[PDB]
Amino acid sequence: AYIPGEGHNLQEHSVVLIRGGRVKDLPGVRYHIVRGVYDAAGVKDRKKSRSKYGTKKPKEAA
Amino acid sequence: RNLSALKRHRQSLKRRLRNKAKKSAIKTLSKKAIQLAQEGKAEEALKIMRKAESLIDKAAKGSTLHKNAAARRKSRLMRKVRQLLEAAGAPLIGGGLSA
Amino acid sequence: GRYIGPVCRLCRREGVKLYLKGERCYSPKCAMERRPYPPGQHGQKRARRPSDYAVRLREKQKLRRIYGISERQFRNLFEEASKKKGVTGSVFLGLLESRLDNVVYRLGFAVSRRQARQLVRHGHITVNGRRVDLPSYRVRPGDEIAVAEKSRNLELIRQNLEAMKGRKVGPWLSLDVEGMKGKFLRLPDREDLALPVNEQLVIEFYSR
Amino acid sequence: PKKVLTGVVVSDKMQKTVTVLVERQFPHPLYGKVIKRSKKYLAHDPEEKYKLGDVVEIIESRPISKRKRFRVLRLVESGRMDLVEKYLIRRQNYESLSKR
Amino acid sequence: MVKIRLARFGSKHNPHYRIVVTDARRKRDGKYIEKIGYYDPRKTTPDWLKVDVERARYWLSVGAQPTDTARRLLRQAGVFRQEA
RNA sequence: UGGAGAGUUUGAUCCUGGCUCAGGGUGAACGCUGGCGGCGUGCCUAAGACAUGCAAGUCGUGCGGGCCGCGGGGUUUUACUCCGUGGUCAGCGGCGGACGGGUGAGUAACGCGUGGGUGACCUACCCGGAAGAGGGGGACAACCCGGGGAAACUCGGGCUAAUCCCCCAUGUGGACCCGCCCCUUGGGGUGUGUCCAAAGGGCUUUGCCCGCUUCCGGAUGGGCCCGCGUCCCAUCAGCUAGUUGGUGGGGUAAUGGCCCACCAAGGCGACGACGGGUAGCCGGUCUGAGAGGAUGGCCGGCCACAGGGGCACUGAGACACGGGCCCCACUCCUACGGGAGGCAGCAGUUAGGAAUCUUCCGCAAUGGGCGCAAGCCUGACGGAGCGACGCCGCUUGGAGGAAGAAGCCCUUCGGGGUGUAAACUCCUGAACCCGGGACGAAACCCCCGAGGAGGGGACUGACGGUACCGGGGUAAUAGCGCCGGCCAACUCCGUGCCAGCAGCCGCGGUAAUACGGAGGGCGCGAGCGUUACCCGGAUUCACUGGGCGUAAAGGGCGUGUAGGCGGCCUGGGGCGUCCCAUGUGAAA
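The residue numbers shown here are sequential, starting from 1 for each chain in the order of its written sequence. They can differ from the numbering used in the entry, and residues that have no coordinates are not displayed. As they are written, the chains are lettered A onward and the ligands numbered 1 onward, keeping that order. What you see is a piece of a larger assembly; the numbers all apply to this piece alone. The side-chain numbers reported here are obtained from all heavy atoms of the structure, hydrogens and water having been left aside.

Asker: Give a detailed account of empty space enclosed by the protein, specifying residues and quantitative values.
Answerer: A 1.4 Å probe that fits but cannot get out identifies a cavity on a 1 Å grid over protein atoms alone, an open set with protein on both sides within 12 Å along at least five of seven lines counts as a pocket, and a residue lines either if it has an atom within 4 Å of a point. Grid points are joined across faces, edges and corners, and a volume is the space filled by probe spheres set on the points. By the definition in use, this model includes three cavities of 30 Å³ or more. Roughly 110 Å³ of internal volume is contained in the largest cavity. Forming the walls of the largest cavity are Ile-4, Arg-5, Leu-6, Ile-19, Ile-36, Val-51, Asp-52, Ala-56, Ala-70, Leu-73, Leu-74 and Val-79 of chain E. Segments assigned H or I by DSSP are reported as helices when at least four residues long, segments assigned E as strands when at least two residues long, and all are numbered from the N terminus. Elements supplying a minimum of two residues to the lining of the largest cavity: β1 (2-8) and α2 (68-75) of chain E. Residues are grouped as follows: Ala, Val, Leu, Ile, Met, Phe, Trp, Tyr, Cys and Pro are nonpolar; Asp, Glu, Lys and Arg are charged; every other residue, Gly included, is polar. Of the residues assigned to the lining of the largest cavity, the class counts are 10 nonpolar, no polar and two charged. Forming the walls of the second largest cavity are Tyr-67, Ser-90, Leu-93, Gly-94, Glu-97, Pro-188, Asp-189, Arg-190, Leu-193 and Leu-195 of chain C. Its residues assigned to classes, the lining of the second largest cavity shows five nonpolar, two polar and three charged. An automatic or database domain assignment is the source of the domain bounds shown. Composition of the lining of the second largest cavity by domain shows at least three residues from each of domain 1 (1-96 + 194-208) and domain 2 (97-193) of chain C.

Asker: Account for the state of the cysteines, with residues named and values stated.
Answerer: Residue and element names in this part refer to chain C. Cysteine sulfur atoms that pair up within 2.5 Å are treated as a disulfide. The full count for this structure, using the stated rule, is five disulfides over all chains. Each disulfide pairs two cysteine sulfurs, and for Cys-8 the partner residue is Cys-25, the sulfurs being separated by 2.0 Å. On the sign convention where negative is left-handed, the bridge of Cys-8 and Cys-25, at about -75° about the S-S bond, is left-handed. Here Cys-8 is found in the segment before α1 (9-14), whereas its partner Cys-25 is found in the loop between α1 and α2 (52-66), with 17 residues between them in sequence. Each member of the pair, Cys-8 as well as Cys-25, carries the same accessibility label: buried. In this model, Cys-8 is linked to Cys-30 through a disulfide, with the two sulfur atoms separated by 2.0 Å. With a gap of 22 residues between them, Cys-8 in the segment before α1 and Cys-30 in the loop between α1 and α2 connect regions that are remote in the sequence. Both residues of the pair, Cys-8 and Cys-30, count as buried. The buried label applies to any residue whose accessible area, calculated with a 1.4 Å probe on protein chains only, is under 20% of its type's maximum; exposed applies above 50%, and partly exposed to all values in between.

Asker: Got a sec to walk through the protein's contact with RNA strand F? Specific residues and values, please.
Answerer: In the vicinity of RNA strand F lie 195 residues, with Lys-57 of chain A, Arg-79 of chain B together with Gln-15, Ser-65 and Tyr-94 of chain D positioned nearest. In RNA strand F, atoms within 4 Å of the protein come 80% from sugar and phosphate. Residues adjacent in sequence count toward polar contacts only when both atoms are side-chain atoms; beyond that, a polar contact is any pair of N or O atoms within 3.5 Å, and within protein one must be able to donate a hydrogen and the other to accept it. Between RNA strand F and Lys-60 of chain C, the relevant distance is 3.0 Å, taken from a phosphate oxygen to a side-chain nitrogen or oxygen of the residue. Here a phosphate oxygen of RNA strand F sits 3.1 Å away from a polar atom, N or O, in the side chain of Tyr-41 of chain D. If you tally residues by element for the surface near RNA strand F, the top one is helix α1 (residues 5-39) of chain B, at 13 residues. A class-by-class count of the residues in the surface near RNA strand F yields 53 nonpolar, 52 polar and 90 charged. We call a residue near a molecule or strand when any one of its heavy atoms sits within 4 Å of it.

Asker: Run through the sheet that holds strand β3 (residues 34-39) of chain E, naming residues and quoting values.
Answerer: All names here are of chain E. Read across the open sheet, the four strands follow the order β1-β2-β3-β4; overall the sheet is antiparallel. A single partner strand is all that each edge strand has here, and the edge strands are β1 and β4 (49-50). Being paired, for any two strands, means DSSP has found at least two bridges between them. In terms of strand pairing, strand β2 (residues 17-23) meets β3 through four bridges, oriented antiparallel. Bridge pairing in β3 links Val-21 to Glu-34. The contact criterion used throughout is that any non-hydrogen atoms of two residues lie within 4.5 Å. Axis lines are fitted through C-alpha atoms, for helices just across the contact stretch, and the angle between N-to-C directions can take any value from 0 to 180 degrees. Sheet strands in contact with helix α1 (residues 53-61) are β1, β2 and β3, and its direction is about 125° off that of β3.

Right under this line is the structure:
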């Protein structure tokens, strides 16, 4: 299981949501991780791929 | 806890009782009949085939042997007598017996 | 929700206006004549070679954009268009035009799409006895669009009908500024309503 | 009604009952060409009268025994030694296909 | 036992029953031997009623039984009437 | 009335071709955002185990009784009893429990779709038809006497009734038997001899209602049987001694070895037998121009299962989900002597999984079971609740509005953009306030006639005062993928083969249009992306619609079996084939 890229913590449980999709990297990359799940909740500050990259609605209060 | 499916098994026990006794009597009377007829006397076993006939009706009427079944028993029973009468005997008297 | 807001931003987007908003986007600009061309920081920075399929997508938009309806339902009544019988393209057009809201607009009760569909959803339209909100409710030959009784005493309705008198209605659109009505007569064709749009492009596109 | 079919008598070897090679053919629900097919049936002969070949019209009747379905009501031809020959050539082939 | 009954179809809050003969066992919105009529107690269409009294006379004359809403339907469709 | 292709193999072209994408869907799931309403849909996993509440009852027009109640009859009155008796509890008795109902485990099946045979058959609660309902007898409850025990319930004794069980009857008829006429698989009649009936209850009583006896005919469902089609592995090649067949028995409603006995060697197989993996089947469903592929959940039909297995019983019907017996586990109650239980019924707990809901209302409508009716059970059904899971409709506004403010993105300092968008303007008027207010249901029922047809009046709403009609009126949620070619849309800083995106090719190795940020714009919008599963493009298992000189591929070559197919001509056949009549193909 890979991950959704930048901004991780994960340590060793997380419930990494086995997903699915290799690339030209890590002879596997099948069954990814999701953030949000039971751990990770995305990049500390993300402004796009918040469909996996955790972050809710950047409510910058202004 | 409560369900009158106990009614079922009670009355049903009584009905099984009915079937048991009556059907049993049927089988045994049939057997005495074939015994006597096998010997070479007939007449008594034809009054016993009379009694038998009445009995197989008692079957037919009830929930024991249903109509056609009782009929089949009647038939086979009457059939076997005739042939095994001729065998060393001489069919003289007749009730369910036809000349 | 049906887009709304900065609208004739769409007008400039096509490169060809669509009245969309009356009194202004009909006056000396549908955001056009001021500065007519597709918006954004780019816009006036040399056009390209948009592919056939792509200018076709644009055409499909274009068409759905003049018909102030979600491309959702543009599509929906396109499925219904390819469903039953009728000259696919031109009949699809007439099927779009035969909708209560632009019936009310082209009648002249309203001054463009936004206003039209608003008034229509406001059930100010009595067709054959009943006021009907239901903007995407298409009428039938022999029916007639009317307006409510207290709605005879409405400001810009009166003003619309005032500036309307003299402006001859569509051929299938029967006017009636006396009985306060509008007979939905026959079923119009491309030569009854001409808008910068190709029917077969919408077919070919949607009917991939 | 009561479905019938003619058929080449195979094996008289059973007492008062013979087998019958019945035959049909039909095209292909996705491949044109008509295909020829075999299907054996039970030829019922209370008074043993049919032998090696005797093509007869045969009749599906009341369940006679274990798979003892079909019967006979009329003959057609006899001495089908050629057909029965081919049948037995197939049987030869069956006794000519060993995996052990 | 063969009875004549009603099988409602439609949706949630747009009733319309199928006036239809069937056997006792046959469930409601299920299967029927033969269909003869329709009845919608809602009254939104002037065609809220239809009775195929011909085959109804068949079923009645061949050993079947009616229902209650039937009772209404029969007394209101000449199914009962004997003219004279 | 129905067919779009594209990227990726080179220096460059072409061909074969694989991968990938654009696409459509779903009982979805996941993350991000989330307003109103309609119809749908909702354990896709462990056929893993369940607390509790309900789901099959009903009938006094079969019968006796308990005992609560009352006028109160009898007893002069008494103890109290005792006649009528609403009741009320069980019992004996009667009908449903075999329908309603859920899952899919098994099952590759005469199970299912399908076409018929039954001269091999059953069919109750019902419509017609015929002969009718003579007389007598016995036994057990409930109840009264005693016991065991925690209960479960269990043991014995003593009585009463019956639409409870028998007895010789009465015998149109039905049943068998041996003959006989017609038939032709056991179809119908007929000559001889024997067997069978019946239940009575009600009342406006001399008549009917409800039921009963004997048969025939239909209405209706199924039993058996064949025809036919029915996943895959040939690295599953042989299989079989109840085995193939008969005679003679037994059994079922009945054909047949399904089982007894006795017996002659046969019964299937490359038309893929045997084996084993896998699987409910269908009317249908999604996709593709189509051929077809895949699929079968809500619904409708057929099957099968009842914690696993055996098993009978009862009966019109069962091997019987809320009936019985036993083995197996498994869990629970106890005083540990003993005993109980099955949510694959319905709501609800728990194991399980990324995920599949309320421990709700009414029998008012329909439908089922029972009752002469009044009526009664019905978690069937008919209604609200919850979840954007699906599809549909819908408000967040209209209209004036700047050479265009400022706020922020960009710059060659001239400005460009954002955007009529905003603000200011007037207009309407979701939400919401008051008022009235539904259809969904008129039959059943009593009454005139006769209890028939017909006629009249009257009773009957769970939703909910919700829908909707009238008036008063507030501008009142906006998100999700993207902007390297397929695929529509670029500018600015950072980041510097690092952090990283990626379905394909790949992109960054210190000026990235692919990362990441910010303005803008592409798409869609109460929704958008992601993954998974399925059909397509894939003409990429090619029948339409392919191929084997060198890309993947002739068997090293001759032989021959079966099989495949076949020269000219006449005529007979009418099997394949073609034509119209015609049965069915339900409903949806």
